[PDB]
Amino acid sequence: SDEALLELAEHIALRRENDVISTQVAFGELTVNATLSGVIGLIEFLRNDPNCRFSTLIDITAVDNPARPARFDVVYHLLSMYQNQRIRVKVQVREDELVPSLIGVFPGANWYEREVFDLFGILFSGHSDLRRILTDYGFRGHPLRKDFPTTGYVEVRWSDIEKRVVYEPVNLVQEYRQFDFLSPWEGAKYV
Amino acid sequence: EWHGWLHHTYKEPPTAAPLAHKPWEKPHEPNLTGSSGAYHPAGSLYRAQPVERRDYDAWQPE
Amino acid sequence: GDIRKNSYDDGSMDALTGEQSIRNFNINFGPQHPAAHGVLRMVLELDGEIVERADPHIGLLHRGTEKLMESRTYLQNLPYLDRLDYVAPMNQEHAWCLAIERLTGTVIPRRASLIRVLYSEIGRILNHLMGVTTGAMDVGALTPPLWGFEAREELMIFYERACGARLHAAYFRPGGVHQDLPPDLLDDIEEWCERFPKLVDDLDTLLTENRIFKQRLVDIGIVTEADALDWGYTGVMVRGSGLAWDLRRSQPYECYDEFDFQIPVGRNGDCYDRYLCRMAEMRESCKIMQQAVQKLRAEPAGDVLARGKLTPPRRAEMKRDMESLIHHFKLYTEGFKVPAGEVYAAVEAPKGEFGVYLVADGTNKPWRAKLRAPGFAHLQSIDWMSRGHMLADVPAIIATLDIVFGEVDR
Amino acid sequence: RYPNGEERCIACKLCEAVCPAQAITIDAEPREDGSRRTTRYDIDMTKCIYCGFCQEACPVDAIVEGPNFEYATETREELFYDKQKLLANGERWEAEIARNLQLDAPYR
Amino acid sequence: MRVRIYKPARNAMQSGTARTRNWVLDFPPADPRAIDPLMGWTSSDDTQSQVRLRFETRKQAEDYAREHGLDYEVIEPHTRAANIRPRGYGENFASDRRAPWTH
Amino acid sequence: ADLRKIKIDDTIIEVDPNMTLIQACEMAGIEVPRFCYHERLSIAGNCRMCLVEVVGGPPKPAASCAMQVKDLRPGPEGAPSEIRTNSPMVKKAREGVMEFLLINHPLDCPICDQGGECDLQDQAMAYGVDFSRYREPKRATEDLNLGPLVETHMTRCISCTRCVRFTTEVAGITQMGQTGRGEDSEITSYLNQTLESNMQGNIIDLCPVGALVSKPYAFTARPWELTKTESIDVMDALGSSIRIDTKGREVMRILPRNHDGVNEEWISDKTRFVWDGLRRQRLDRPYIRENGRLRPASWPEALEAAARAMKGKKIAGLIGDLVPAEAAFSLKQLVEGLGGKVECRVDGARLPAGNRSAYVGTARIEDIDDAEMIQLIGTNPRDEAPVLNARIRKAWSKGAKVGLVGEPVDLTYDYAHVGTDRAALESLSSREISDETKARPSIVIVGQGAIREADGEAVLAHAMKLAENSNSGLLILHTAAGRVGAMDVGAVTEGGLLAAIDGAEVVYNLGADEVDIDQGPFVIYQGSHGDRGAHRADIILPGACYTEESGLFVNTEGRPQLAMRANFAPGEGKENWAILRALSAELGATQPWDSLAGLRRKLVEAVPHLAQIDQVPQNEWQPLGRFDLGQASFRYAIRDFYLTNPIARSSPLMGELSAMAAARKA
Amino acid sequence: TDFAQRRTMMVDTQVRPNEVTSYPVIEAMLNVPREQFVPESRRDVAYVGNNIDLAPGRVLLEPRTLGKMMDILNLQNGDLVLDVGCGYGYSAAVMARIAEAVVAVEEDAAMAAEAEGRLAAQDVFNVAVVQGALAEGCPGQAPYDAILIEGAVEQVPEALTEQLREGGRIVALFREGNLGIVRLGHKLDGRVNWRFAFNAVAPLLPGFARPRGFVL
Amino acid sequence: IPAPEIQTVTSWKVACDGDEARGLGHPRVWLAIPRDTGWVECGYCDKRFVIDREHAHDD
Ligand code: SF4
Ligand code: SF4
Ligand code: SF4
Ligand code: SF4
Ligand code: FES
Ligand SMILES: [Ca+2]
Ligand SMILES: [Ca+2]
Ligand code: NA
Ligand SMILES: [Zn+2]
């Protein structure tokens, strides 16, 4: 499957030269780095091409990398039940950059893009129903960004005065403890 | 003494196979939650002498 | 694919249908609703009890698991997996262990591999018993859940005897399984397997050929192969339509190659087919459990954890040997480091393909942990699936999709 | 406690470090005799997930999860267990706990 | 608020240098912590201090703080220069040593 | 400067040929395990953990800590020499040595304070096997009696001799040694006596295992719980770089951190162990004196009472030893704005105002290392800056000559006793120096004790004259962390303390606890600890200590350094700049800033070099002119090393150390 | 783009389920094109469930916030409404379909001119755009039955609440750090009494900050 | 505080593990009795070992 995945990666790199930035095969998985402007065209090719028939969209997610000029990665996981193979597609996205929506290709991409928008704040263009899907109504912020606190900023309580569940600033009886165990020794890479 | 047998953890009853007890063990108590013997933290307002807490010693004027 | 403006066989157009739809019959179906699993707020637009729009509002059980995982070590994150598809917790633990084992390049012992298959199939029965019999309760059958959940009670006792917890085992570990099974537990699992087909017959006698049951499921929620590919269907959601796809065979993991079992598939892809597929899968899982117990008895005594640099030593060694004490101290505080890389490890979970997308960065904590729940993709299709049906069919459709919101919301 | 009546806990804090829920809080000093012992040992039973990692991490079998499960309370603060409450549980449940440790020792 | 950009120093208790390669952007505690009366736990209303970002270069940290309108202070690191011994191990036995080497 | 190419594993790198292989490996970013080697100690070569493979050499692995690059036989044709840190031989060598290190090591990790930050644990995890083959009884060792700072568990000792080499080479004492032979050889102090050194706390860091641990810190925390803050020490004027470890609201310990130009990687025992005084004798409320007794008051009430006492009066402002530069700048702005007088030379030091080359000098601390002649004038560096004294000893070990003017004291190195009185100083300045001597690097160091008398200005004049004659750098060794910063913002009055207190009716005492304000004026004390200053006060405004706020401190060489907040002041204590800002409003003289950042903008406008953190400004040589000296002998500034400031005097541990020192001297 | 489907979806899924029952508000939001009232660069994201940035420190509020804000003002056919900070005029266009007339106050001449052009292009004639400082309102046409402030405030100046009729309603989003509270005010006996309505967040409007100086 | 347990020994080196069968005590450690004081205490269980000087056999 390692030779098979390398052969498949050449087929994609050849047929979609301008979409593909590079390919990698690590830990038995093929990853394709693609340009933002060509990701929809490439995923469409992967879905429909005979050699690579990736007709199941497994999921879409994002990864935050604040140290990088384009801080976000958007990652597409696709499965082919007919060819019995998997592929990962990665695109680098800058903050406030728009990502084209995949709902034209996969109707089931709709909720995954809402989740990326909710938890990372990445907007998708061409999305019919783009609204928060997992956080509370009117939530401020995007919790899966590395610079959002784990406990957030606000918490709810039932107020006897307002007879409502209201938000208040977070007050922790015991503050979150973040132990740092990491050793100053990397170890060796023996040949 | 009987909890293990009643919950099928042990095959034999304490009548036939009594449990070994250390001299520092204490007698069993039921759940005391709705009573005055219920456990409460030292700083609880139930205690009526909640333990005062501090982590520095203050200077006292002469 | 839009039926809000009624279309009649006589071509008539009502005066009111001409006006723009401002005053529609919208109803909150859940969260506090017996068919809504407690945390589903589905907004339904009804027209004479015909479902014209279904708008699932989820996140009522979103707990920020993926954020909480980023500040914990790999071992501290293992119990989070238990609480996603919490009906069958060890099956979800398996994806986390497989991902770590792949990135670290670790080989788990043979006995641990057999135990993982054994308790994964227990989880499949735990899930299918819950799914099938509460699905029956969704179409009004009161009794099936009572019979099924007695058998679940017995399986939860097998959970507790392996790990000390009836539900949230935290039993599968990176490097194998935490503890070995007592010999008398293997005898009891074998004894339970001999009785279980009788309960499956009794449930089949009560339901399968009941005319009411057929009229509540046959030709309801029909899924074609093309629909399956629109919505990321996996598991019984594709097998009910006749696609003999099962990750244990197509992309084998653990030691499933050497077990004998078959893949049930449906021909019509409706709620009735998926019910029959789940009943058949329960029989197949029972057979796997029987083979695994036989293999475990025939195995030579061995360890259940890989030990080495990945798992703590045994307690007796920890209290005697200096190396073991250090490895115990370090692995329970810092934990192993996982080399930089990204993997997606998937299993055939009872509800479909469950996967973990793990981004490691060489430290003792995950950089990113994305959890792929099969129910997230299945629930998203309820609007398409329920359009055109009546309100009474909605609980049956929620049942057939096999939704647990611990994994939908995470 | 040990059979000699001394506390087993030596304030190593491995249980506090492994706890997935951060349910354990420990403070320690040298005792009057110079012994390494805790002065605070709290378990927030409303944070705890009952995973048993603490008893796995403990190198001296000081903290264990016992056989008792019928201790529902009428107030929430009754579930903030301090050191004396936990030690009292150990002194009342020791006989059953010790037997269970012997039964599972071959698998640990 | 004010953030600290600095390169964490080596832990004096250890000789390893692996935790000294990265820059970090930190949100230092903003207000005093309190003692919970009930159990004596450390209470806080400052969740922003939970955030600790990690960078490879000072420029990356300084850029992030700028793009996000954060007032920052950059504390420069104090690298330990190599103590190059001209005679190496042999200086232990130099004829002009003040006192004998102790091994 | 003839760099040599060497290939380490697969990295080709160019290095000084005098580097050892271990130093070259670190320059290439290649990790090499070690126990006995330390960058600042003599090479020992006894742990054998650093063994590497020299390609082409004899099959023996080589100790990379002891092998210089120039010792490597050059490669064929002049190709760079190769060493492997990844070969199977190295893997087997490291596994073998780690096994030998652990066979007799006790199973102590749960009860051992090193656990979690232990080089033995960490390198055993990374470089050893995961199992044991040893089936014999282990060695058991008796413990030592090293005093109240170092607890010993000698069964944990791995015989690295770091402690022996540090105490002998750096601390300059000869109490520790390794007696016996073989596996029964013991690290020990002579006659099991307590170590006598104010540098001894450093062996706790240096010991790689939990054999030598801190008694005050024992059992109180694990390394993973601690929040770490990189800050600057104020226990002396050296401004050592430190790490403050806090858990919740409290500091748990203080550790050195590296600064090649100031303290290297050492701190004195006062710097290290005063955290127990940080939470004692604290002023946490305002106080007001009513009918002869100080009674609690609220912040608005005390500020009003202070404003009433000050309005319309003659005000004197005193700035104490532990005050940051911004607070001194704020006080100068406030008190002088009311037509008052502010003095910082509360110890009587006759430091000239505006002449930075005369109250700071021209020498960096790092210049001492290379100096070949060092002249000490009325300074005991062992009590004023023990880490700086250790740097003088290092120069003396390389051959430097040391002369001293003052009382003969044990400095841990030999020196020429030129004399004890001001006649001795006179001889040095008027001496003639060969052109050969004038060309060698040298330094003149002057203590505060020399310049604290009526002729203090003249004493400096001769010191600068001597420095100019010898073509040598000058360093004025200060005792107070806040002095040079206070001088930089010009917090001085002509005539010094007595010229600021003459005729004053209100004295604003900002942290001056080493001099008494005689009865009379109305005294407002701002400070963090209750001591001399608070006992005299009629109003007490509680301020933050040096770990509880950000502050700018200029060290003895004139380097501005930023202390960082690690925790918060107890009770109602406030940041020192804030209190003065709040008081200004009640006095109708509101300061032109609402935040510390606003205060710092105005400060670097008056004193621009305070904006350049961690840089030593170059001072223009401006020698003093008046040379009339006195007759008395020189007195050293510091009488008791451990009890120099109110935070140290609130420390029970410093009292014990001071008591022990007196019991030794008697 | 089929903006009509996006508009209908926005009302169905972001307005109706959020306790917006007033059918006049639902009718208005189903008809006023949101994309016509955003900068050209934001046209494709006009119907996203978030605040749209109009200018530095200024947003077009999220559909949930505006829907609930208008639903609780309870506007009548005879009402005169002051819309403070109208941006490009989306909110004024929606309220114009319910109230008698709207006075839209904008402080950026660029946005005030665009509001007039876009309001006219949609044939909205009971909306007058008045250019000036937001915190001043428009006292020339006072009193108003209702005041809507379209951005976060820390305090509502008395000058602004004096332009409110007795029995008039004012709805403002208050910001307390990371917490945003929409409050509904009622003018009684000359005093505006504020009450909690719901929680939502937006950036602070310029000119509505509170006086914050040195505190010991 | 009095010791929880005293044992008298005739050797200057003792091992303690909590006296519990097959991994139920504490990690096994070896302790040295000083010739000056004649006793040592376990750091895990606080058991005190006291030398019997007259019969103390050097190894
Ligand atoms: S059982 Fe409870 S206290 Fe113990 S590790 Fe698990 S969560 Fe923490
Ligand atoms: S209970 Fe066990 S693991 Fe926890 S601190 Fe005590 S000895 Fe250590
Ligand atoms: S020195 Fe290190 S290895 Fe030895 S007992 Fe202490 S923590 Fe464990
Ligand atoms: S006591 Fe510590 S520093 Fe000294 S020789 Fe032993 S291990 Fe080395
Ligand atoms: S570090 Fe080289 S032998 Fe010890
Ligand atoms: Ca209709
Ligand atoms: Ca004792
Ligand atoms: Na140490
Ligand atoms: Zn013991």
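Hydrogens, waters and symmetry mates play no part in the numbers below; they use all other heavy atoms, side chains included. Chain naming here is simple, since letters A, B, ... match the order of the sequence lines and numbering starts at 1 in each.
Across all their heavy atoms, D/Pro59 and H/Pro27 have their closest contact at O-CD, 3.7 Å.
H/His55 is linked by a side-chain hydrogen bond (donor to acceptor under 3.5 Å, both in side chains) to H/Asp52, counting only residues two or more places apart in sequence or in another chain.
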Cross-chain donor-acceptor list, chain H x chain D, under 3.5 angstrom:
{"unit_1": "H/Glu20", "atom_1": "OE2", "unit_2": "D/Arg8", "atom_2": "NH1", "d": "2.7"}
{"unit_1": "H/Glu20", "atom_1": "OE2", "unit_2": "D/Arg8", "atom_2": "NH2", "d": "2.8"}
{"unit_1": "H/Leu24", "atom_1": "O", "unit_2": "D/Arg8", "atom_2": "NH2", "d": "2.5"}
{"unit_1": "H/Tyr44", "atom_1": "O", "unit_2": "D/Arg37", "atom_2": "NH2", "d": "3.0"}
{"unit_1": "H/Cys45", "atom_1": "O", "unit_2": "D/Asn4", "atom_2": "ND2", "d": "3.3"}
{"unit_1": "H/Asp46", "atom_1": "OD1", "unit_2": "D/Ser35", "atom_2": "OG", "d": "2.9"}
{"unit_1": "H/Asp46", "atom_1": "OD1", "unit_2": "D/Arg37", "atom_2": "NH2", "d": "3.2"}
{"unit_1": "H/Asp46", "atom_1": "OD2", "unit_2": "D/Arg31", "atom_2": "NH2", "d": "2.9"}

